[PDB]
Asker: 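Take this structure first; my questions come after.
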Number of protein chains: 4
Amino acid sequence: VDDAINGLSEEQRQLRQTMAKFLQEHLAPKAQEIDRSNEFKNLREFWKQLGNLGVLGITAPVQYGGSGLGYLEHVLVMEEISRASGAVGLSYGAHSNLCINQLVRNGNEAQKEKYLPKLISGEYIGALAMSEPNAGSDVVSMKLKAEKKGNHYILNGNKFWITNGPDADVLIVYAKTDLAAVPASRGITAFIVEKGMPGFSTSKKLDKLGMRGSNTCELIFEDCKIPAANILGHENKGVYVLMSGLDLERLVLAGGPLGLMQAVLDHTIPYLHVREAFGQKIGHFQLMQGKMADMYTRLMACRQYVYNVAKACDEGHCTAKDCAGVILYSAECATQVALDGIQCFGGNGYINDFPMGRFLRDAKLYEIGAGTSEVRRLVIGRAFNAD
Amino acid sequence: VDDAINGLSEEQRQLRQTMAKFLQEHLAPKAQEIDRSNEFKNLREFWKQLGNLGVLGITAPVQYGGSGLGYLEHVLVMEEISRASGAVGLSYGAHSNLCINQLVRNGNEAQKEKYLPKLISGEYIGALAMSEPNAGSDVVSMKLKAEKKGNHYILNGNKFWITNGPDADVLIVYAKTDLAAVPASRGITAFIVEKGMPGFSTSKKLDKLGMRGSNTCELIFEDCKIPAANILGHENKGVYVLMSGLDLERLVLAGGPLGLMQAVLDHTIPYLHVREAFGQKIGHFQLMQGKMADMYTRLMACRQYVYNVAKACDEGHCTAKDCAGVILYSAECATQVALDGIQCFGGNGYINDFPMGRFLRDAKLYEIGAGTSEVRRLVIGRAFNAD
Amino acid sequence: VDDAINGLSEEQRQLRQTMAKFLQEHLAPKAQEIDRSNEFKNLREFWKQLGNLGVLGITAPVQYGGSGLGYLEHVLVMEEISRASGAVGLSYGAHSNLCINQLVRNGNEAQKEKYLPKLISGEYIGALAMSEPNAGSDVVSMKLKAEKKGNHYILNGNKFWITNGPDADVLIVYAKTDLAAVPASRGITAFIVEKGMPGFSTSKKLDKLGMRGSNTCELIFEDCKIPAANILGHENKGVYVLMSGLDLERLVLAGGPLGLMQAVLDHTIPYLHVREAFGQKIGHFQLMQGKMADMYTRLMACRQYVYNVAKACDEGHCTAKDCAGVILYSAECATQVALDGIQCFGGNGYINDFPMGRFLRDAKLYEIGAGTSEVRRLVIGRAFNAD
Amino acid sequence: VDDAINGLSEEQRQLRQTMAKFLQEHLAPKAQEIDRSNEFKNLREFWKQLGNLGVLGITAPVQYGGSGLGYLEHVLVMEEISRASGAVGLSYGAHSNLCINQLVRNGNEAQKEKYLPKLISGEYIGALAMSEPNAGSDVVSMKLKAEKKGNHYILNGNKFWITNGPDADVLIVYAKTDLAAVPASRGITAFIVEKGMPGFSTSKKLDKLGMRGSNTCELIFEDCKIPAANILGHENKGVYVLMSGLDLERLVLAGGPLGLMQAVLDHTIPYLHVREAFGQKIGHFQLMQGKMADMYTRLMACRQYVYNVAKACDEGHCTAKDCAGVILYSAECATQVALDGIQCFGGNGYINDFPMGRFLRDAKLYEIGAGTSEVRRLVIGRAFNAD
Ligand SMILES: Cc1cc2nc3c(=O)[nH]c(=O)nc-3n(C[C@H](O)[C@H](O)[C@H](O)COP(=O)(O)OP(=O)(O)OC[C@H]3O[C@@H](n4cnc5c(N)ncnc54)[C@H](O)[C@@H]3O)c2cc1C
Ligand SMILES: Cc1cc2nc3c(=O)[nH]c(=O)nc-3n(C[C@H](O)[C@H](O)[C@H](O)COP(=O)(O)OP(=O)(O)OC[C@H]3O[C@@H](n4cnc5c(N)ncnc54)[C@H](O)[C@@H]3O)c2cc1C
Ligand SMILES: Cc1cc2nc3c(=O)[nH]c(=O)nc-3n(C[C@H](O)[C@H](O)[C@H](O)COP(=O)(O)OP(=O)(O)OC[C@H]3O[C@@H](n4cnc5c(N)ncnc54)[C@H](O)[C@@H]3O)c2cc1C
Ligand SMILES: Cc1cc2nc3c(=O)[nH]c(=O)nc-3n(C[C@H](O)[C@H](O)[C@H](O)COP(=O)(O)OP(=O)(O)OC[C@H]3O[C@@H](n4cnc5c(N)ncnc54)[C@H](O)[C@@H]3O)c2cc1C
C-alpha cells in the first residue's frame, strides 16, 4: 500500500493500481520460477498482454497505438513490474524505454511506421546494443565495424550484454563506421537489425547472479547486410542518438530499484509481526523497528526524488545531473534495503524458498550492469565542472 | 541556485528569492559573529523586520496579521534562514512553529487576540518549554509541579533546554498538575507564562557546541502564580496539546538540515573550482567528483522528501510516520554532508574563519537536539506495529 | 599473498602454506561445482584426507589422534578452507569445532574413546543440533522432548538448521528434559546420537542462497531410544555444555568471513590490472583505488582483531564480549567487501561463471546463520551492563 | 580499564599504567580549559615532566637521553596523551615523532647532540614544517626559495599549518633549494631553524574547530640566514627525508584517534548506567546496547590493527600501504565513535561542559590534518598497481 504523499494524480494512481492488479495474477506467482529456470516461457504472451494495456508504448505517440503519456507513468509501470519481478522489469525497460523511445525520437517516417506499430502492441520484442566484451562503460570504444559497400552496409563484429537479445525482433546496434575519426565518438552509427537477416546470430543466454529470466546474450554479425534505410539518424553521428536519451533512460531505469525496495518491504513488514521470539513479535524489538524505519525512509526518499525528477522532465526542464543522481541514489539504496530484508528474515531469508535473496541478487544489477555508480558520480561531477 | 524540480509555484519561488535576498543583505554577513559571541544583538530588530516581511506568521490566520499560507512556505522560510544562519533558524522555528502554531490550534480567542498579534509582528518573542533536566525524551516525566489555589496555579520547579527563554516574552510551559494520575500522560497542563510574572526567572544561557546564538537557558519557577486564564487547552490535558502538532513540528524543523546542506554546498562547489592541487582544479579529481555527487544527491533526495510530505500535510493528509521519517533522514544526511564539506575544504575547513565547522556543529543538534534519532526511529517502527 | 603482520609463528605459517597448497588442488578447483550442484561428491574422501593432514582434531588431544594445538591454528585452517570454498569451511567449522571440541570438553572417558578417534581421523562426520524450526535465536525455546523410560530416553521432536546433518555419523542434540523448570534453561540436556539409531531420520537438504554444498537438513526424531551413557555432560545441565564453548565457537567461526574477504580480494586485485577502460587499466582510476584501499583495510583490521582474540583465548584470558565482537565485525565487513568486489568486476561480476557472486551469497550466512548481528550486539551490551 | 588482548608485554602494561596515572593528575583535569582558552599555560613544565618520565624520546637511542624502545611503546604514549587531551596529544606527536625520529634517522653526530639531548628532556619543543598556505597535499609543490650564498642559505617565503610553531625552539622546515629540477621532487632540502634566528617569524595562532591548545601558526622567512651545517640530510634531496618520515609518521599518529575513542568510551559507558529514562538505565535499551557494542568493536579492531602493524615494524617489516591504512581506518572510525558518543549523551553532549563535543571536534583533524583520507586511500591504491 502506497501513499498520496508521492503527489500522483488520479489517472496515475488508477494506472498504478491496475498494473498492480494485473501483475499480482499474471507475473507475481511466476517470479520464483522465472528466476529458478532462468527463462520466462510466457514472455511472448505476457508482452502481448502488456501491449493491450497500453503500457508498452506508454510514451510513444498515439499515432502508432501508444498512450502519449509522460515519463512519470513509465516510471510507475517500471516500478510495478519490478515489484512483481526484476527480470521482467528490466526486460520491459529494455524494450519500451531503450528501443521504442529511441525510435520515436530519431526514427524517420518509414521506420516509425514499420517498427513501432508491432513494437507497441507486443508482436515484436526490442533490444538495444551499445556494449561489447571490452566496451561496457567506454561505449565509444566499440569494435563492431560497418563498411558501406554501395547502397548497403556490411557489418562484422560482436555485441555483448544485450537484454532480450535471443527474443528481440528489432534491435538497435551501434557500429563503428569509421575508425579514423578525429574523435572516436564521430565514427559510430546506429543500425536497425531485424530477426532473420542473413549473417546475424545470437549466442547462448547468460547465467547471471540475479534478474534471471531476462535473456541476455551476444550478437554475432558475420557479413551482415543492412540496407541504407535501416540507419537510425545519420551516418557517423551515432553518438548523437546514443546520448540524446541517456538522461531520460537513466530516469526510467530508477523505477526498478524502487519496485525492488517496495517488494522487500512488502515481505519484511508482515513477516516481522508474525514471527515471534522470547514471547513477543520480533517486529517489536528496537533493533528491528529501527531497521524497518531506515528501510521505509530510504524507500520513500528515493521514490520522491525519482518522481519529482520525472515530473520535471515531463514539463520541459530535464537535465542529466538529476537523471543520473536519482539512479545513483536508488540503485545504491536498494542493495542496502535488500540486505536489511534478509537480515530481518534471518535463516528463512537465506533459503531460496523465500524471495529475500532474489531481491538482493536483482538490486545489484542496476549498479554494475545498467550503468555503474562510478560513471553516474562522474557525470554529476563533470556537470558541476561545466558551470 | 536552486532548481525548479521540487515542484514550487511561482509565488513560492518569489518568496524564496525575497527571503534569500533579505538574508544575504541582513542576516548572512553576521552569521559568523552570532556564533562567535553566542548572541544575536540585533535579535529584536531582525524579528521586527521578519514580521514586516510577513514570515513570522507564515502559517497563522490573517485575522492576527499573519500570511495564512501553507506549511511548504514555512519549510522554505526555515530552510532559507538556516542557510543564512542555523542558530537564527532554530530561534525562528522555536518562535513561529513551536509557539505561534501552538496558539492557533489550542488557544481560545482571548489568548489569541492578546499574544498572536505581537508575536507575528515581531514585538514579542516566543518559546516552548516541554523538556526538563531529567526528562529529555520521557517528556511525560516532568518535575515542574503546578498546584491549583482558587482561580490561580502555584507553579514550582525548573525547565531545561528552552530556546529563546532569555528573550521570550510569551512562553508555553508544561507543568504537572495531577500528581495521582495512573497514566502520567493526563497529569500535565500547559501554561502561558509571560516575562515579568513574579516568581519566574531565567538562568544563564548555555554554551553549546553549535547553534551558538539561539539563546537556550533554564527557567526557574518559585511560587509562580499563574492566572486560570493563562492555561493552554484544558487542565490535566496537557499531552493532547503537546502531541496535537508534533508531526507538523518535526516537518517544519526538517528545513534546518536542508538549509545547512545547501549552505555547505554553496561553499564547497565554488571552492572546489578555485582551489588547485597537482596542477589542476581539485574539483576535477574523481574522488572529489564522487563526494560532490553524493552530497548533492543526498540534499536533493531530502529536499524532495520533505517538500512532498509538506505538500501532503497542506492537503488534509498528514501522517506522523512520514513527518518523523523526513526529520530523521534530513538530520542524518545533514551531518553526513557537513562531514564531507569539511573534507572538501582541506585544512581551511578546520579553521573558524570558514563556515564549514559551524554547519556540522549546528546539524548535530537536529540529530541529538529538538528530538533524538532513536525516538523517531521507534516512532516509525511503532507506526507499523499498530497495523 | 597474505602478510606476516598478524604475528604468526613459523609453524603457523607452515600450516597456512600447507593448507593453501592442499586446497588449491583438492578443493579450490571444485568450488564452482559444489555451489552449482549443492553437493560435495567427494565429501567423505576429502574428509579422510583432511584428517590425515591432522586438522580435523587440530584442537583435540593427541591421545585420541588430535594435534594438541591452540585455537589460532583452528582459525587459520577455517580461513584457509573458506578461502577456497565457504560451504566446506562451514562444514569444517561444524564438525571440527561444534562437535569434537564439545566432546573433549564435556565428554567422558567412554564417550571420548568411542567417537573422537573416528571423528578426528575422518571416518565419522559430526554435527551439532540446538536450532529448531521456530527457535533460531531463542536457544532455550526448543521443542524436542526426551522422556526417561527407565535406563533409556525416548526422544520425540525435530531439529532444524543442522550442518552436515545428512552426512553426520555422530550428532550432539539438545532436548528438553523437564517442561516444568522455573527457568527453561534448567530443563535441557545434551545427547550423543549415532546414525542408524532406531527412530531417527533426516529430511531433504535445504536449497540455500549461499554455502551451497554444506548439507543442511532437518533431524526427525520419532520415539528414538537413546541409552543413558550417551548423555553429554549431566542430565538437566544442557545449557552449561551449550554455553561452555559458545565464546570459542564464535571465535573460531570468525575465520570464514576472513577467508571470503581474502578470496574476493585475490580475485579482484588481479582483475583490476588486466581489464582496461578508456585506454588505461581500470585499477588506475581513483574510485577503484579507494575501493581497493577500503577492502584491504577492512580485511586487515578484521584479521588482526580475530587473530589477537584467538591468541588471547589460548593463554587463559578469554571473554564472550570479544569473541562476539570479532565475529560481528568480521561478518558485517565481509558482506560489504564482497559487494564492493562485485562492484569492481562490472558485468563480469554478475555472471555465475565468476566467483564474485558466490562470495557475496556465502558471506551473508555469518550475519544471519550461526548467529545474528543483533544477538552479538546485545551480548556485548549486556556484558557492558554487568560491569 | 584496558583489556590485555592486544598482546602487550608486562613492561608495556606498566608503561600504560604510569602514563594514565600521570595524565589523570597533570593533564586530564585541564583539558577543558586548554580547549576553551585555546592555549596550554603549563606547556613547558608539562613537557619537562614528560622528559623526566622518559616518554619524549621513547623511540630514540639511550645515548642522547632516549629510552631505546619500539614504535608500540610510542603509540601507547600517544594514545594515552590523546585520551586526556587531543590537542596536547597532537603536540606530543609533532614534537616526539616529527622532530626527534627525523633527527635520529637523518641527523649527523653534530646535529644529534646540539638539539636532541634537550628535545628529549623537554627544554626544547619540536616542530616540522612541510605544509604551506598553497600546498597541503601536493607537498612537492612547495614555494619557499632557498638561495645558497656561500657558507649559508638565505630562505624567503611562507609556510602554514605548523604545530608547536609559536613555541617550538627547533623546527625541521623544508625549502626549495632548486626550483628548476626536471622532477620537482629533487629540488627540495630540509633545514633546522632555531627560534631566535633573524628573519624567521611566527604568525598569530590559528582559531581551529578542534585541537584547541596545540598552537599552530604560519612560518614567515624574510631573508633568513641558516648555516650550511643545519642541513637535514643533503642538498636537493629533501623529498627523501619527507618520504622517510612518512610510514612511521602515519603509524604513530594512529594512537590519537585510538585515545579519543577510548576517552569517549570512558565517558559513555559509565554515563549510560547512571542516566535513567522511561524508568530504566539507558544502558539497558537495545539501541544503546548496539551503539556501545559497535563502538567497542570498532575501537578494539583499530587497536589490534595499529598494534600489530607497530609490532611488525619493530622487527623489520614495515610497509607504506599498511601504515597508511592503519590511520585511514582509525581516524575514520574515531569520528563515527565520537558522533555515537554524543548521540548517547544526548542533550548533555551538546553543551561545552561535557567532553563529547571536544572529542568530536578533535577526531576530525586526523581526517583532514596530518594527511587526508583521499591521500591515504590513493597511496594504498598506488601500492597495488606496482605488483
Ligand atoms: C540494453 C543493455 C542491457 C544490458 N543488460 C545487462 C545485464 O542484464 N547485466 C549486465 O551485467 N550488463 C548488462 N549490460 C551491460 C552493462 O551496461 C555493462 O556491463 C556496464 O556498463 C559495465 O560493464 P563492464 O564490465 O564492461 O564495465 P567495466 O568498465 O569493465 O567496469 C570495471 C569497473 O571500473 C569502473 N570504471 C570504469 N571506468 C571507470 C572510470 N573511467 N573511472 C572510474 N571507474 C571506472 C566501473 O564502474 C566498474 O566498477 C547491458 C547493456 C545494454 C546496452
Ligand atoms: C523549544 C525547545 C527547545 C530545545 N532546545 C534545545 C537546544 O537548543 N539544545 C539542546 O541540546 N536541547 C534542546 N531541547 C531538549 C531536547 O529535546 C533534548 O535534549 C533531547 O530530547 C534529548 O533529551 P536528554 O538531553 O534528556 O537526553 P536523554 O533522552 O536522557 O538521552 C538518553 C539517550 O538515550 C536515548 N533513548 C532515550 N529513550 C530511549 C529508548 N526508549 N530506547 C532507546 N534509546 C533511548 C536517547 O535517544 C539518547 O540517545 C529543547 C526542547 C524544547 C521543547
Ligand atoms: C550447528 C548449527 C548450524 C546451523 N547452520 C545453519 C546454516 O547452514 N544455514 C542457515 O541458514 N542456518 C543455520 N543455523 C540456524 C541459525 O543459527 C539461525 O537461523 C539463527 O540463529 C537465527 O535465525 P532464525 O530465523 O532461526 O531466528 P529468528 O528469530 O526468526 O530471526 C529473525 C531476526 O530477528 C532477530 N531477533 C530475534 N530476537 C531478537 C532480539 N531479542 N533483539 C533483536 N533482534 C532479534 C534475529 O536476530 C534475526 O535477525 C544453524 C544452527 C546451528 C545450531
Ligand atoms: C607540524 C605540522 C602540523 C600540522 N597541523 C595541522 C593541523 O592543525 N591541521 C591540519 O588540517 N593539518 C595539519 N597538518 C597537515 C596539513 O596542514 C594538512 O595536510 C592540510 O590539510 C593541508 O592540506 P590542504 O587543506 O591545504 O589541501 P587542499 O588541496 O587545500 O585540500 C583540497 C581537498 O581535496 C582533496 N584532494 C587534494 N588533492 C586531491 C587529489 N589529487 N585527489 C583527490 N582528492 C584530492 C584533499 O585532501 C582536500 O580534502 C600539519 C602538518 C605538520 C607537519
Side-chain angles (χ1 to χ4, degrees), chain A residues 90 94 98 127-131 135-138 161-163 208 211 214 216 275 277-278 282 285-288 343-348 350-351 365 368-375 378, chain B residues 90 94 98 127-131 134-138 161-163 206 208 211 214 216 286 365 368-375 378, chain C residues 90 94 98 127-131 135-138 160-163 206 208 211 214 216 275 277-278 282 285-288 343-348 350-351 365 368-375 378, chain D residues 275 277-278 282 285-288 343-348 350-351:
Chain A
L90 189 76
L98 305 188
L128 186 102
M130 56 98 196
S131 291
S137 296
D138 186 7
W161 309 110
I162 315 311
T163 294
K208 315 193 291 289
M211 310 271 249
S214 186
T216 316
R275 184 83 176 190
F278 299 91
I282 58 169
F285 286 109
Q286 296 200 337
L287 303 174
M288 299 279 105
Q343 189 68 39
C344 285
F345 267 70
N348 277 337
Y350 202 72
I351 49 173
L365 186 273
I368 44 72
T372 63
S373 292
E374 287 76 39
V375 172
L378 300 172
Chain B
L90 187 70
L98 311 187
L128 187 90
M130 68 101 207
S131 193
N134 297 287
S137 295
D138 210 28
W161 317 107
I162 312 312
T163 294
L206 290 166
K208 307 171 281 166
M211 299 296 215
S214 200
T216 316
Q286 299 193 357
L365 185 106
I368 55 155
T372 73
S373 276
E374 287 77 36
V375 158
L378 293 172
Chain C
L90 189 69
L98 287 163
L128 183 84
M130 70 226 242
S131 208
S137 308
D138 208 19
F160 221 93
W161 312 109
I162 298 103
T163 304
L206 290 159
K208 317 190 291 299
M211 299 302 197
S214 181
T216 309
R275 183 68 168 174
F278 302 90
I282 59 163
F285 289 114
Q286 280 192 357
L287 303 173
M288 300 274 109
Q343 185 64 229
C344 284
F345 260 79
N348 282 336
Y350 203 72
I351 56 173
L365 178 135
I368 61 100
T372 71
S373 302
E374 296 89 48
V375 170
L378 297 179
Chain D
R275 181 73 174 175
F278 300 90
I282 51 164
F285 279 109
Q286 284 193 354
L287 290 163
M288 297 286 108
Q343 193 71 232
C344 293
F345 260 79
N348 278 334
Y350 204 63
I351 73 185

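Numbering of ligands and ligand atoms starts at 1, following listing order. Hydrogens, waters and symmetry mates are skipped; everything else that's a heavy atom, side chains included, is used. The sequence lines fix the lettering, A, B, ..., with proteins before strands; numbering per chain opens at 1.
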Asker: So is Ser214(C) close enough to ligand 3, meaning a heavy atom under 4.0 angstrom away?
Answerer: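 No, that is not the case, since the closest heavy atom of the residue is not under 4.0 Å from the ligand.
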Asker: Any side-chain heavy atom of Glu374(C) sitting closer than 4.5 Å to one from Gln286(D)?
Answerer: no
Asker: In the protein, what heavy atom is nearest to atom 33 (C) of ligand 2, and what distance, to one decimal place, separates them?
Answerer: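 Nearest neighbour among protein heavy atoms for atom 33 (C) of ligand 2, to 0.1 Å: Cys344(D) O, 3.7 Å.
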Asker: Minimum heavy-atom separation for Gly346(D) to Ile368(B), with atom names?
Answerer: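 Answer, listing the atom of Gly346(D) first, then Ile368(B): O-CD1, 3.5 Å.
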Asker: Under 4.0 Å from a heavy atom of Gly371(B): give me the atoms of ligand 2 that qualify, with their elements.
Answerer: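 The atoms of ligand 2 under 4.0 Å from a heavy atom of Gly371(B) are 17 (O).
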Asker: Under a 4.0 angstrom heavy-atom cut-off, which atoms of ligand 1 come close to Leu98(A)?
Answerer: 1 (C)
Asker: Would you say ligand 2 has an N or O under 3.5 Å from any N or O of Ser131(B)?
Answerer: no
Asker: For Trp161(C) versus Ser131(C), what's the shortest heavy-atom pair and its separation?
Answerer: CD1-OG, 3.7 Å
Asker: Check whether any side-chain heavy atom of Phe345(C) lies under 4.5 Å from a side-chain heavy atom of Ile282(C), and answer yes or no.
Answerer: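 No, every pair of side-chain atoms sits at 4.5 Å or beyond.
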Asker: For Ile282(C), counting its heavy atoms only, list the atoms of ligand 1 lying under 4.0 Å from any of them.
Answerer: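 Ligand 1 atoms under the 4.0 Å threshold to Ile282(C): 32 (C).
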Asker: Under 4.0 Å from any heavy atom of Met130(C), which atoms of ligand 3 are there?
Answerer: 53 (C)
Asker: With atoms numbered from 1 as shown, which atoms in ligand 1 lie under 4.0 angstrom from a non-hydrogen atom of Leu90(A)?
Answerer: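 What qualifies from ligand 1 is 8 (O).
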Asker: Is there side-chain contact between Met211(A) and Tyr350(C), with heavy atoms separated by less than 4.5 Å?
Answerer: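 When only atoms from C-beta onward are counted, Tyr350(C) and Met211(A) do touch, with a gap below 4.5 Å.
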Asker: Identify the heavy atoms of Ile351(D) and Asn348(D) that sit nearest to each other, and give their distance.
Answerer: CG1-O, 3.4 Å
Asker: Is atom 44 (N) of ligand 1 in close reach of the protein, with a heavy atom under 4.0 Å away?
Answerer: yes
Asker: Output the list of atoms in ligand 2 that are nearer than 4.0 Å to some heavy atom of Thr163(B), sorted by atom number.
Answerer: 3 (C), 4 (C), 5 (N), 8 (O)
Asker: Among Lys208(A), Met211(A), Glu374(A), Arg275(C), whose heavy atom sits nearest atom 30 (O) of ligand 1?
Answerer: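 Comparing heavy atoms across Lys208(A), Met211(A), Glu374(A), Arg275(C), the nearest one to atom 30 (O) of ligand 1 lies in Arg275(C).
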Asker: Any idea which heavy atoms bring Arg275(A) and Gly136(C) closest together, and the distance?
Answerer: NH2-N, 4.5 Å
Asker: Nearest 0.5 Å please: distance from the OG1 atom of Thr216(A) over to the CG atom of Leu90(A).
Answerer: 7.0 Å
Asker: If you measure from atom 8 (O) of ligand 2 to every heavy atom of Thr216(B), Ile368(B), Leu128(B), which option wins on shortest distance?
Answerer: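 When every heavy atom of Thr216(B), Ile368(B), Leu128(B) is considered, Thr216(B) comes closest to atom 8 (O) of ligand 2.
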Asker: With atom 37 (C) of ligand 2 as the reference point, say which of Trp161(B), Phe278(D), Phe285(D) has the nearest heavy atom.
Answerer: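 Looking at heavy atoms only, the winner is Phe278(D).
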Asker: Is the shortest N/O to N/O distance between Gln286(B) and ligand 1 below 3.5 Å?
Answerer: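 It does: an N or O of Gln286(B) is found under 3.5 Å from an N or O of ligand 1.
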Asker: Taking side chain as C-beta onward, heavy atoms only, is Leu287(D) less than 4.5 Å from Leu287(A)?
Answerer: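 Yes, at least one pair of side-chain atoms sits under 4.5 Å.
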Asker: For atom 17 (O) of ligand 1, what is the nearest protein heavy atom, given as residue, atom name and distance?
Answerer: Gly369(A) O, 3.3 Å
Asker: Taking the side chain as C-beta and beyond, is there a heavy-atom pair between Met130(B) and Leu98(B) under 4.5 Å?
Answerer: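 With C-beta onward as the side chain, the pair stays apart.
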Asker: Which atoms of ligand 1 are found less than 4.0 Å from any heavy atom of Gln343(C)?
Answerer: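 Here the atoms of ligand 1 in question are 48 (C), 49 (O).
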Asker: Could you find the nearest protein heavy atom to atom 34 (O) of ligand 2 and give me its residue, atom name and distance?
Answerer: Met288(D) SD, 3.7 Å
Asker: For atom 29 (O) of ligand 1, which candidate among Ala127(A), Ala94(A), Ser137(A), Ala370(A) provides the closest heavy atom?
Answerer: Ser137(A)
Asker: Donor-acceptor pair, distance only, cut-off 3.5 Å: does the side chain of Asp138(A) make one with the backbone of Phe278(C)?
Answerer: yes
Asker: Please round to the nearest 0.5 Å and tell me the distance separating atom OG of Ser214(B) and atom NZ of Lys208(B).
Answerer: 5.0 Å
Asker: Which is closest to atom 46 (C) of ligand 1 in terms of heavy atoms, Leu378(A), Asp138(A), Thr372(A)?
Answerer: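 Shortest heavy-atom distance from atom 46 (C) of ligand 1: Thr372(A).
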Asker: Return the option from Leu206(C), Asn348(A), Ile351(A), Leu365(C) holding the heavy atom at the smallest distance from atom 7 (C) of ligand 3.
Answerer: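 Looking at heavy atoms only, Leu365(C) sits closest to atom 7 (C) of ligand 3.
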Asker: Could you tell me, atom by atom, which parts of ligand 3 come under 4.0 Å of a heavy atom of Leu287(A)?
Answerer: 43 (C)
Asker: Can you sort out which atoms of ligand 1 are near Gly346(C), meaning under 4.0 Å from one of its heavy atoms?
Answerer: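 Close to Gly346(C): 25 (O).
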Asker: Any nitrogen or oxygen of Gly347(D), main chain or side chain, under 3.5 Å from a nitrogen or oxygen of ligand 2?
Answerer: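 By distance alone, the answer is yes.
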Asker: Could an N or O of ligand 2 be found under 3.5 Å from any N or O of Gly136(B), whether backbone or side chain?
Answerer: yes
